[PDB]
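Okay, so here's the structure we're looking at.
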RNA sequence: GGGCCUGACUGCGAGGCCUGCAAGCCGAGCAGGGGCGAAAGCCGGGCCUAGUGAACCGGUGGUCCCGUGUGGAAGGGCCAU
RNA sequence: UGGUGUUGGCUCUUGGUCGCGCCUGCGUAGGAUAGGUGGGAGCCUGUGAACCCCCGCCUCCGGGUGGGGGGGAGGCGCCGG
RNA sequence: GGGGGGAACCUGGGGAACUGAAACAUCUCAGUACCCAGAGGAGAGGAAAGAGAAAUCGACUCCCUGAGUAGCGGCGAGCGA
Ligand SMILES: [Mg+2]
Ligand SMILES: [Mg+2]
Ligand SMILES: [Mg+2]
Ligand SMILES: [Mg+2]
Ligand SMILES: [Mg+2]
Ligand SMILES: [Mg+2]
Ligand SMILES: [Mg+2]
Ligand SMILES: [Mg+2]
Ligand SMILES: [Mg+2]
Ligand SMILES: [Mg+2]
Ligand SMILES: [Mg+2]
Ligand SMILES: [Mg+2]
Ligand SMILES: [Mg+2]
Ligand SMILES: [Mg+2]
Ligand SMILES: [Mg+2]
Ligand SMILES: [Mg+2]
Ligand SMILES: [Mg+2]
Ligand SMILES: [Mg+2]
Ligand SMILES: [Mg+2]
Ligand SMILES: [Mg+2]
Ligand SMILES: [Mg+2]
Ligand SMILES: [Mg+2]
Ligand SMILES: [Mg+2]
Ligand SMILES: [Mg+2]
Ligand SMILES: [Mg+2]
Ligand SMILES: [Mg+2]
Ligand SMILES: [Mg+2]
Ligand SMILES: [Mg+2]
Ligand SMILES: [Mg+2]
Ligand SMILES: [Mg+2]
Ligand SMILES: [Mg+2]
Ligand SMILES: [Mg+2]
Ligand SMILES: [Mg+2]
Ligand SMILES: [Mg+2]
Ligand SMILES: [Mg+2]
Ligand SMILES: [Mg+2]
Ligand SMILES: [Mg+2]
Ligand SMILES: [Mg+2]
Ligand SMILES: [Mg+2]
Ligand SMILES: [Mg+2]
Ligand SMILES: [Mg+2]
Ligand SMILES: [Mg+2]
Ligand SMILES: [Mg+2]
Ligand SMILES: [Mg+2]
Ligand SMILES: [Mg+2]
Ligand SMILES: [Mg+2]
Ligand SMILES: [Mg+2]
Ligand SMILES: [Mg+2]
Ligand SMILES: [Zn+2]
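Chains as they are written, first to last, in full-length UniProt numbering: chain X, 2 to 98; chain E, 4 to 71, 159 to 201, 204 to 227; chain F, 2 to 54.
The structure is reproduced here in structure tokens:
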């Protein structure tokens with residue numbers, strides 16, 4: 002799981018904080034932290050294949066921005082895309098952002 | 004399920020909530036018989052039926068009264171309700187919406205119990221359908 | 002104290018405040034403790050009753 | 001042993017004992033409201049010396065002191081446990 | 001390993017609960033299959049009675065209820081054991 | 001147009017341990033050392049969806065002060081606007 006091609010979401014570094022005890026709101030003495038360590042939080046990357054100008058274009062995008070792709074496809078209706086290789090097609094789509 | 008019971012079935016929208024100054028104009032066309040008819044007002048409560056303090060004990064009536159200042163009784167059941175007389179079939183309008191207006195606010199004057209004391213208050217005649225209204 | 006010799010408060014029966022803390026044996030004294038005592042709020046002696054601590 | 005009773009008080013406390021600290025101990029007397037006694041008086045638990053646990057965190061009952069622009073509320077302070 | 005995203009179509013059996021209707025409620029005196037309280041001397045019929053034909057049924061085996069085909073003037077309660 | 005280099009300085013991405021807590025795990029050391037990417041003679045930041053109580057101020061940076069204050073904190077060691 003890497004980076005979103007639409008939103009640019011990357012993995013972030015987050016802490017897993019291990020806690021113990023009863024919150025003071027629940028009448029307890031309070032929370033004691035029994036461990037902090039680093040983990041990562043990855044974007045919900047998924048594969049999105051779309052047909053644009055006869056070519057099969059696929060995006061690695063976070064699920065959050067899945068529609069943003071289809072939006073991009075609609076925006077590609079007025080583009081001289083015919084003849085192009087999949088790679089440069091995607092570039093044109095991406096450039097519409 | 005009589006000839007007059009379903010001839011009031013298109014004098015009633017049982018899927019419509021009314022006000023008090025509009026449910027006395029629609030209980031005279033629902034009360035038409037060969038003798039006089041007690042147009043009965045009923046209501047669902049909101050207390051515990053096995054708690055001995057949450058009972059409804061008392062009397063009213065006024066401004067006007069019965070019909071035959160006519161202190162009408164009203165008491166609850168062993169599953170929570172009321173069932174009380176009267177304001178019979180004319181007994182003029184806007185003096186029937188005025189005798190139906192100082193009784194709904196009587197029983198609400200005998201409340204710390206649990207659950208809203210204002211549920212379902214249906215006004216039906218001796219031989220008619222039931223109007224939902226607003227207590 | 003012990004399980005059978007408990008701790009308790011005496012609540013002023015008039016203003017319902019707790020002014021005294023003491024102990025009793027609940028096998029010996031199953032009934033609620035009842036004693037007259039000076040309530041600093043009421044500024045007079047008042048029957049005080051055992052309430053749980 | 002028996003009557004009445006709740007001082008197994010509330011607000012203070014001169015003065016000391018002990019003592020590195022922190023504690024621990026004894027305490028007359030003044031006021032409040034009481035108990036017993038005709039009264040002098042005595043009564044701030046128990047013949048005495050063991051029967052115990054500093055702070056920190058937090059619970060419950062008061063108080064109504066603070067309340068993050070203002071009124072509240074959350075939260076906390078104080079008294080008690 | 002549960003929930004959720006990626007993750008959609010159809011079908012069947014389903015369920016929570018919200019409302020509504022039609023119904024189900026038989027310890028014992030008893031007309032006799034009495035849910036809780038209540039209003040109420042009239043109600044139900046040319047919106048077709050009383051007995052029949054197929055009964056959706058339930059039923060403590062006596063009974064409770066509904067539709068239409070036969071079907072043309074009673075039934076059901078007051079009273080009061 | 002890019003590529004690579006530059007003592008130290010700078011921003012961004014990542015990011016320790018000894019140590020201190022006279023043991024240790026939350027805390028500390030410290031977002032330090034270090035790795036990486038980028039920038040330039042500087043870099044960052046920068047024209048209020050701001051402060052925060054002044055019915056007030058008016059981009060940002062930098063120094064003095066506010067201040068070891070407010071607070072944070074196994075309310076410990078310490079950290080600290
Ligand atoms: Mg975690
Ligand atoms: Mg903590
Ligand atoms: Mg996909
Ligand atoms: Mg979404
Ligand atoms: Mg005490
Ligand atoms: Mg004792
Ligand atoms: Mg006081
Ligand atoms: Mg003796
Ligand atoms: Mg004695
Ligand atoms: Mg004695
Ligand atoms: Mg006396
Ligand atoms: Mg006292
Ligand atoms: Mg001294
Ligand atoms: Mg000393
Ligand atoms: Mg001691
Ligand atoms: Mg005195
Ligand atoms: Mg005296
Ligand atoms: Mg005397
Ligand atoms: Mg005296
Ligand atoms: Mg004294
Ligand atoms: Mg001691
Ligand atoms: Mg500590
Ligand atoms: Mg505390
Ligand atoms: Mg205040
Ligand atoms: Mg004070
Ligand atoms: Mg405020
Ligand atoms: Mg105030
Ligand atoms: Mg505020
Ligand atoms: Mg206000
Ligand atoms: Mg408080
Ligand atoms: Mg408070
Ligand atoms: Mg999982
Ligand atoms: Mg799923
Ligand atoms: Mg260069
Ligand atoms: Mg960095
Ligand atoms: Mg860095
Ligand atoms: Mg590492
Ligand atoms: Mg360490
Ligand atoms: Mg150490
Ligand atoms: Mg050391
Ligand atoms: Mg060691
Ligand atoms: Mg740090
Ligand atoms: Mg370089
Ligand atoms: Mg360059
Ligand atoms: Mg900039
Ligand atoms: Mg601007
Ligand atoms: Mg300017
Ligand atoms: Mg720090
Ligand atoms: Zn008191």
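The beta-carbon is built from N, C-alpha and C at its ideal position, and this holds for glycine as well.
Within the DSSP bridge table, the entry for residue 60 (chain X) names X:49 as partners. Between residue 27 (chain E) and residue 187 (chain E) a beta carbon distance of about 3 Å is seen, short of the 8 Å cut, so the two are scored as contacting. Under the three-pair Cβ rule at 8 Å, the region 168–178 of chain E counts as touching the region 39–49 of chain E. Beta-bridge analysis with DSSP links residue 32 (chain F) to no other residue. Contact between the region 24–32 of chain X and the region 6–14 of chain X is absent: fewer than 3 CB-CB pairs across the two stretches fall below 8 Å. Where residue 90 (chain X) is concerned, the enclosing alpha helix (DSSP H) starts and stops at 87–96.
Contact between residue 201 (chain E) and residue 209 (chain E) holds: their C-beta atoms lie close to 6 Å from each other, under 8 Å.
Closest by C-alpha distance to residue 45 (chain X), out of X:94, X:62, X:9, is X:62. Under the 10 Å beta carbon count, residue 9 (chain X) is surrounded by fewer than 16 other beta carbons and is classified as exposed. Residue pairing by DSSP places residue 9 (chain F) opposite F:23 in a beta bridge.
The alpha carbon of residue 159 (chain E) has as its nearest neighbour, out of E:25, E:62, E:226, the alpha carbon of E:62. Comparing alpha carbon positions, the residue from X:21, X:23, X:94 closest to residue 79 (chain X) is X:94. In the three-state DSSP reduction, residue 13 (chain X) falls in the strand class (E or B).
The C-beta of residue 3 (chain F) has fewer than 16 other C-beta atoms within 10 Å across all chains shown, which makes the residue exposed. For the 8 Å CB-CB criterion, residue 38 (chain F) and residue 24 (chain F) do not form a contact. For residue 6 (chain E), the closest of E:29, E:18, E:35, E:52 by C-alpha to C-alpha distance is E:35. With contacts defined by Cβ atoms closer than 8 Å, residue 30 (chain E) and residue 215 (chain E) form a contacting pair. In summary, residue 36 (chain X) is exposed, with fewer than 16 beta-carbon neighbours lying within 10 Å of its beta-carbon over all protein chains present.
Residue 15 (chain E) carries a coil assignment under DSSP once its states are collapsed to helix, strand and coil. Not a single unbroken stretch of the alpha helix (DSSP H) spanning 4 or more residues falls wholly within the region 25–63 of chain E. At a Cβ-Cβ threshold of 8 Å, residue 50 (chain E) and residue 207 (chain E) count as neighbours.
Between residue 42 (chain X) and residue 64 (chain X), the C-beta gap is not smaller than 8 Å, which leaves the two residues out of contact. When C-alpha distances from residue 75 (chain X) are compared across X:52, X:23, X:40, the shortest belongs to X:52. For residue 201 (chain E), there is no enclosing alpha helix (DSSP H), as DSSP gives it neither H nor E.
For the set E:17, E:24, E:10, E:23, the Cα lying nearest the Cα of residue 32 (chain E) is the one of E:10.
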